[PDB]
Amino acid sequence: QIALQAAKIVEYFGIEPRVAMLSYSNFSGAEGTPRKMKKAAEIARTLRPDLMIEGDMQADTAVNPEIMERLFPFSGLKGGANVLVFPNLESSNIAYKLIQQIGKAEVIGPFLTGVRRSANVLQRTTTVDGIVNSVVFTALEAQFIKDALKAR
Amino acid sequence: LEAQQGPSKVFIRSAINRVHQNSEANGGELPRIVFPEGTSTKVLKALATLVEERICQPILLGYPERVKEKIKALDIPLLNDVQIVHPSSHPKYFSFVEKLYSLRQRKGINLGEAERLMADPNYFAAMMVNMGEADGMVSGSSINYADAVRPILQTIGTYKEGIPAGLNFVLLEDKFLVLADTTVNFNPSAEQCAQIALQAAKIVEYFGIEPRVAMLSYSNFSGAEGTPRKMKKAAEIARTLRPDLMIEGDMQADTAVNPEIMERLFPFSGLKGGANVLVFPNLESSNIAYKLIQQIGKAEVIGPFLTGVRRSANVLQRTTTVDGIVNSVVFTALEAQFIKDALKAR
Amino acid sequence: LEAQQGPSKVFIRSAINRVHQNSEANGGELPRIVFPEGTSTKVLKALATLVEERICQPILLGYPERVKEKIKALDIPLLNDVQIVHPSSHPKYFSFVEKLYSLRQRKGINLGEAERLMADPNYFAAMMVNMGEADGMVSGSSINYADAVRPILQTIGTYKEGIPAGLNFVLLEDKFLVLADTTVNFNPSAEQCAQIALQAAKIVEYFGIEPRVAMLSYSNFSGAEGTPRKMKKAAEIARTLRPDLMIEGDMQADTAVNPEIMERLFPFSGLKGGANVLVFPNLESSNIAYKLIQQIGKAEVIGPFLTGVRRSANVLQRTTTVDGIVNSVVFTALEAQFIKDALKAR
Ligand SMILES: CC(=O)SCCNC(=O)CCNC(=O)[C@H](O)C(C)(C)COP(=O)(O)OP(=O)(O)OC[C@H]1O[C@@H](n2cnc3c(N)ncnc32)[C@H](O)[C@@H]1OP(=O)(O)O
Ligand SMILES: CC(=O)SCCNC(=O)CCNC(=O)[C@H](O)C(C)(C)COP(=O)(O)OP(=O)(O)OC[C@H]1O[C@@H](n2cnc3c(N)ncnc32)[C@H](O)[C@@H]1OP(=O)(O)O
Ligand SMILES: CC(=O)SCCNC(=O)CCNC(=O)[C@H](O)C(C)(C)COP(=O)(O)OP(=O)(O)OC[C@H]1O[C@@H](n2cnc3c(N)ncnc32)[C@H](O)[C@@H]1OP(=O)(O)O
Ligand SMILES: CC(=O)SCCNC(=O)CCNC(=O)[C@H](O)C(C)(C)COP(=O)(O)OP(=O)(O)OC[C@H]1O[C@@H](n2cnc3c(N)ncnc32)[C@H](O)[C@@H]1OP(=O)(O)O
Ligand SMILES: CC(=O)SCCNC(=O)CCNC(=O)[C@H](O)C(C)(C)COP(=O)(O)OP(=O)(O)OC[C@H]1O[C@@H](n2cnc3c(N)ncnc32)[C@H](O)[C@@H]1OP(=O)(O)O
C-alpha cells in the first residue's frame, strides 16, 4: 500500500514510477525481511499490474540500472528505480537523514501521505529552507485535494 | 592550511603510503593475500592494478590451467607469474583437512565432510590464513556475503570478547565517517552494539582520529521501548566499557553527524563536535544506508571490512567494482601487515 | 503354507525379481543410477554386487582417475566398464547450470553461484535425474542426511500435494512394518502427518498388501493436549482424505503392532488385525526407533527411502553397510522404473 501511494505521488509529477522493495539481500527470499519484501512486491504487482515493481533487492542494485542488468538480468525492473520502499522505520529514517546530511543531494520532506486532508509534519531538526519547501508542497497537495473535493 | 587536505582521495593514498612504509620496514616484504575467486574477471582486473602498484602478493586459487586461460583471454600480462594454487593439489591440503576436522569434529564435520569442504576455495583460503600460509584473504566477489563469510567465521573465528562486524568508511571532504556493523548481525543486542562500537573506535584510533561514537535510531533521546531503549542501553554499556570516549545515544542521523543541530536542540548531550562513528540498530538500516550513500551520494565509501576476526579476512560485496576491490585489498593488506606485526611481538 | 514364506526371507528376493521382470518387459534396459560418491569404498563394494546382479547401470561422479585409482586399489574387476563422468567436463554441464539458474533465480542463486553449485557431485546428480539423463540417484553414504538431501529437494522438489518423508521397511518373520517418516520432517503437523501416512499407504499398497495406518504416540486414545491431540487430528484428516483405508489414532507403539492388545483393551478402534504402517510424532522418535530396531532388534530394516519427490532419489544413512547400500539401490531401481514407466505413459 505504501508503494502504491508513493507511485501515485510520483505519477502526479509526470514521471513513470519504478518501485523497489529494499532489503539487505539480492533476490534471496530468505526468512525475515527478504521474504516480507518479496511478498510485498508480489502483492503490489497484483494490485497494480501495469507498474514496474520488483523485490527484494539492495539499495545499490535498485538505484543502479547497470548493476541490475549486469548481475540480475531476470528482474522485471529496468532503468533504475525511482521509488524505494524500506523494510522498517529505522532503515528509512536513518537513510534519508544521512542522505540529507552527508550527501550533496537535496532532500525535501517528510510528507504525510495516506491522510484524507493535506496535513504535514516537519522534522524537528529542520531548517528555514526545509520549512519553505515543505509549505510549498503542502500548498500543492492542499490545492489538489480541494480540487478533487470540489469535483465530487 | 591543514584543513584543506581532507580525506577525499588523500585517505586511500595515505593508506597505500603506509602499506609501502610497513613493507619497507619489514625487509621489503609484501603480504601474501589469497584470492579464492581466481577466475573472477573483476578480481583479476583489480589484481593487475594492485601488482602494478606494489601493494600485495596475490595467491590465486583454482585449477592453474583455467586460471591461466582466463588471464590470457582477459589480456593481463602482469599476472603471468602468480602462485596459482589448486586446493586439492597443495602439499599441505591433508594437514588443512585434519586441522579443520579437529576444529569442528563436534559441529557436524568429520573427516569425510572436512575433506569435501577443503576442496572449496573459500575454506582453503580460510585455512591458509589461519595456518600462517598467508596473511589475509579477499573473497565474496562472485557469491553472496553469507556463504562467503561463513567459512571465515567457522575457520578463522573471532578473538575473545569480539563480535564480527562489517565496518565501512565514508570519506567526506573534511572528515571520514565510520559505519558500524553493516553485513553480519541481523538485530544486535545492546551489548553487541557496544562491542561493535568499541571495535569501530579502535579502528578509527588506528588512523589517528579521536572516535566519537553515536548510537543511531529514529528518536532523539526518547528512550522509548524498542530500538531507542536498546540504543540508549548500548551507549551506557559502551561508556562503562570505555569511559574516556565520547559515546552518546540514542539519536537520529542528522543529530549525530551535525554538530550545529545537536548543539542547538540537545545541548545536554556529551557528544560535541559531531560523530564520526555511527552504529546502526539492525542490519537493514546499516546496509541500506551504506549502499544508498555509496550510490546516490557523491561521497566515496570503501568496505565492508570484517572486524572482530582473529586474522585478516575480508569479503567483498558482489556488487563491487574494480576500484572497490582495489581499495578493499589495499586496506586488507594494511590490516594483514598490522596483524602479522602484532603476532611477531610475543 | 504362506506362513513359512515371510517377508524377512523373501522380500528382497522378490524386489530383485521384480526389477528383473520390469527390465525384461522393457527390452532388458537397466535403470541408469548416478552415484555422486564415486570414490567411496562402501559405494564401490556394493556396486560390484549390483553389477554382478545386473540390478542397475551405475554412473559414478568425480574425476575419472581418482575413481579409477580407488577401483584398482579395492580390486573390483567389474567396475572398469562403468561410466565415470566429471560434472564440470560434461557436455551438458552448462545446460544444467542454466536450468538451475532459471528455476532458482529468485531463491538466492544466480549464474555465478549456479556454476559453483553444479560443480558439486550432489547437485550435478540431482540435475541429471531431474533432466532425465539418469533414472535415479543414490547418495548420502559419505555425508550427513541434511546436506545430502538439500540439493534433491532444491532441484527435484516435490510433486502436487506431496511432502518429503523417509520410509523404512522392517521385515519381520510374518509381516513387514513401514515406519514413516524417519529422516526429513522435524515435527510435522496433523496435515503433514496425514500426507505422510497417505504416501506410506500408497507405497505399501504398491507391494500388493492392504495398508493399515497407525498414528503412534505415548498415549492410548487419550486425546490430551500436545502430541496425542495432533495424532488424533492427523488420523481424522487422513481418514477424510482416504475413506477406504483403515486408519486409527492416537495409540502407543505396542497397541498398534499387537492385535491382541487392541482387541482386549480398545475394541472400539477401527484398526483390526494390527497396523503395518506407523506414523511418528516427530523426527527424534522415528529416527531413534528405526535405528534401535535395526541395531538391537533381530528384524532387518531397509531404508530410509525418500518419498514425496517427483523423481527417484534416495539418500543412504552415513552409518550404513554394504548390504544396506545394495538393498537401497535395489529399491531405488524399482522406484526409478516405476517413475519412468509413469512418465512414458503420462
Ligand atoms: C503531490 C500531490 O499533489 S498529492 C498527489 C496524489 N494525491 C492523492 O492521491 C490524494 C489522496 N486523497 C484524496 O484524494 C482525498 O482524501 C479524497 C478525495 C479521496 C477524499 O477521501 P474521502 O474519504 O473520499 O473524503 P470525504 O471527505 O469525501 O469523506 C468520505 C468518507 O470519509 C469518511 N469520513 C468523513 N469524516 C471523517 C472523519 N472525521 N474521520 C473518519 N472518516 C471520516 C466518511 O465516513 C466517508 O466514508 P464512507 O464513504 O466509507 O462512508
Ligand atoms: C555488503 C553486503 O552485501 S552485506 C549483505 C547482508 N548480510 C548478509 O546477507 C549476511 C547476514 N548474516 C548472516 O547471515 C549470518 O551472520 C551468518 C553469515 C554468520 C550465517 O551463518 P549462520 O547460519 O548464522 O551460522 P553458522 O551456524 O553457519 O555458524 C557460523 C559461525 O559464525 C559464528 N557467529 C555468527 N554470528 C556471530 C556473532 N554475532 N558473534 C559471534 N559468533 C558469531 C557462529 O558462532 C558460528 O561459529 P561456530 O560454528 O564455531 O559456533
Ligand atoms: C590495523 C587495522 O586497521 S585494525 C586494528 C585492530 N585490529 C585488531 O585485530 C586488533 C588487534 N588484535 C589482534 O591482533 C588479535 O587479538 C590477535 C591476533 C593478537 C589474537 O590472536 P590470538 O590467537 O587470539 O592471540 P593470543 O593472545 O591468544 O595469543 C596466541 C598464543 O597462542 C600461541 N600459539 C601456539 N601455537 C599456536 C598456533 N598454532 N596458532 C596460534 N597461536 C598459537 C602463541 O604462541 C601465543 O602465545 P604467546 O603469547 O605466549 O606467544
Ligand atoms: C537416516 C538419517 O541420517 S536421518 C538424520 C536426521 N535428519 C536430518 O538431520 C534432516 C532433517 N531435515 C533438515 O535438517 C532440513 O529440514 C532439510 C535438510 C530437509 C532442509 O531444511 P533447510 O536446510 O532449511 O531447507 P532449505 O531452506 O535449503 O530448502 C530446501 C527445500 O526443501 C523444501 N522442503 C524442506 N522441508 C520440506 C517439507 N517438509 N515439505 C515440503 N518442502 C520442504 C523447501 O521448500 C525448499 O525448497 P525451495 O528451495 O523450492 O523453497
Ligand atoms: C515403486 C515404489 O516403490 S514407489 C510407488 C509410488 N510412487 C509414486 O506414487 C510416485 C508418483 N510420482 C509420479 O508419478 C511422478 O513423479 C509425477 C507424475 C508426479 C511427476 O511428473 P511431472 O514431472 O510432474 O510431469 P510429467 O513429465 O509426468 O508430465 C509432463 C508435464 O511436466 C511439466 N514439467 C514441468 N517441469 C518439467 C521438467 N523439468 N521436466 C519435465 N516436465 C516438466 C511439463 O510442462 C508437462 O506439462 P504439460 O504436458 O501439461 O505441458
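In the PDB header, cryo-EM is given as the technique by which the entry was determined, and 3.18 Å as its resolution.

Taking the PDB entry as the reference, chain B is identified by name as NADP-dependent malic enzyme belonging to Bdellovibrio bacteriovorus. This entry appears in the Protein Data Bank under the title "B. bacteriovorus MaeB acetyl-CoA bound form".

Chain A is annotated in the PDB entry as NADP-dependent malic enzyme from Bdellovibrio bacteriovorus.

Q: Any chance you could explain the overall build of chain B here in plain terms?
A: If you tally the helices and strands in chain B, you get 13 helices and 10 strands. For 346 residues, the compact-globule estimate of 2.2 N^0.38 gives 20 Å, and chain B sits close to it at 21 Å. Its C-alpha atoms give chain B principal-axis dimensions of about 65 × 55 × 40 Å. Across the 346 residues of chain B, 59% fall into the buried class. Partitioning the intrachain contacts of chain B with sequence separation of at least 6 by distance along the chain shows that 72% fall at a separation of at least 24.

Q: What should I look at first to understand the interface of chain A and chain B in this one?
A: Bring the parts together and some accessible area is lost; that lost area is often taken as the interface size. Listed by partner, the interface residues are 34 residues for chain A and 41 residues for chain B. Taken together, the two surfaces of chain A and chain B that pack against each other cover about 3,200 Å², and 69% of this comes from carbon and sulfur. Summed over the shared surface of chain A and chain B, the number is 2 salt bridges. Where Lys291 of chain B meets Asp60 of chain A, a salt bridge forms, and the shortest distance between an N and an O atom there is 2.7 Å. The interface formed by chain A and chain B holds 10 residue pairs in polar contact in total. Every element with two or more residues in the side of chain A that touches chain B is listed here: α3 (59-63), α4 (65-71) and α5 (89-102) of chain A. Looking at the side of chain A that touches chain B element by element, the count peaks at 11 residues for α5 of chain A. The residue makeup of the side of chain A that touches chain B, split by class, is 15 nonpolar, 13 polar and 6 charged.

Q: Sorry if this is basic, but what is going on with the interface of chain C and chain B here?
A: Contact with chain C, which involves 12 residues of that partner, is made by 11 residues of chain B. At the boundary of chain C and chain B, one finds 3 salt bridges. Across the pair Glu113 of chain C and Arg318 of chain B runs a salt bridge, and its minimum N-O distance is 2.6 Å. Run the count over chain C and chain B and you get 6 residue pairs in polar contact. Examining the composition of the side of chain C that touches chain B, we find that 3 residues originate from one element, helix α5 (residues 111-119) of chain C, more than from any other.

Q: It is not clear to me how the nonpolar core should be interpreted in this structure. Could you clarify?
A: Core analysis: the biggest nonpolar cluster contains 63 residues, and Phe35, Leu60, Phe169, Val213 and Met215 of chain C have the highest contact counts within it. Tallying contributions element by element places helix α8 (residues 190-206) of chain C first for this core, with 9 residues. Residues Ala46, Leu60, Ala234 and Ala238 of chain B belong to the second largest nonpolar core, which totals 62 residues.

Q: How should I be thinking about unusual backbone geometry in this particular structure?
A: Note on backbone geometry: most residues besides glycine have negative phi, and most peptide bonds are trans. A cis amide bond links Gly109 of chain A with the next residue in sequence, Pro110 of chain A, at an omega value of -5 degrees. Residue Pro304 of chain B is bonded to the preceding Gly303 of chain B through a cis peptide linkage, with omega at -5 degrees. Within the element layout of this structure, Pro304 of chain B appears in strand β9 (residues 300-307). For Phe27 of chain A, which is not a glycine, the phi torsion comes out positive at approximately 55 degrees. The residue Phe27 of chain A is located in the loop between β1 (18-22) and α2 (33-47) in this model.

What counts, and at which threshold
- Residues numbered from 1 in each chain as written, not as in the entry; some residues may be left out.
- Chains lettered and ligands numbered in written order.
- Part of a larger assembly, values for the part shown.
- Heavy atoms only, no water.
- Helix = DSSP H or I, 4+ residues; strand = E, 2+ residues; numbered from the N terminus.
- Rg over C-alpha atoms; globule rule 2.2 N^0.38 Å.
- Buried < 20%, exposed > 50% of the residue type's maximum accessible area, 1.4 Å probe, protein only.
- Contact = heavy atoms within 4.5 Å.
- Buried area = accessible area lost by both parts, 1.4 Å probe.
- Salt bridge = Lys/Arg side-chain N within 4 Å of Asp/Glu carboxyl O.
- Polar contact = N/O pair within 3.5 Å; in protein donor to acceptor, adjacent residues only side chain to side chain.
- Nonpolar A, V, L, I, M, F, W, Y, C, P; charged D, E, K, R; others polar.
- Core = buried A, V, L, I, M, F, W, Y, C linked by side-chain atoms within 4.5 Å.

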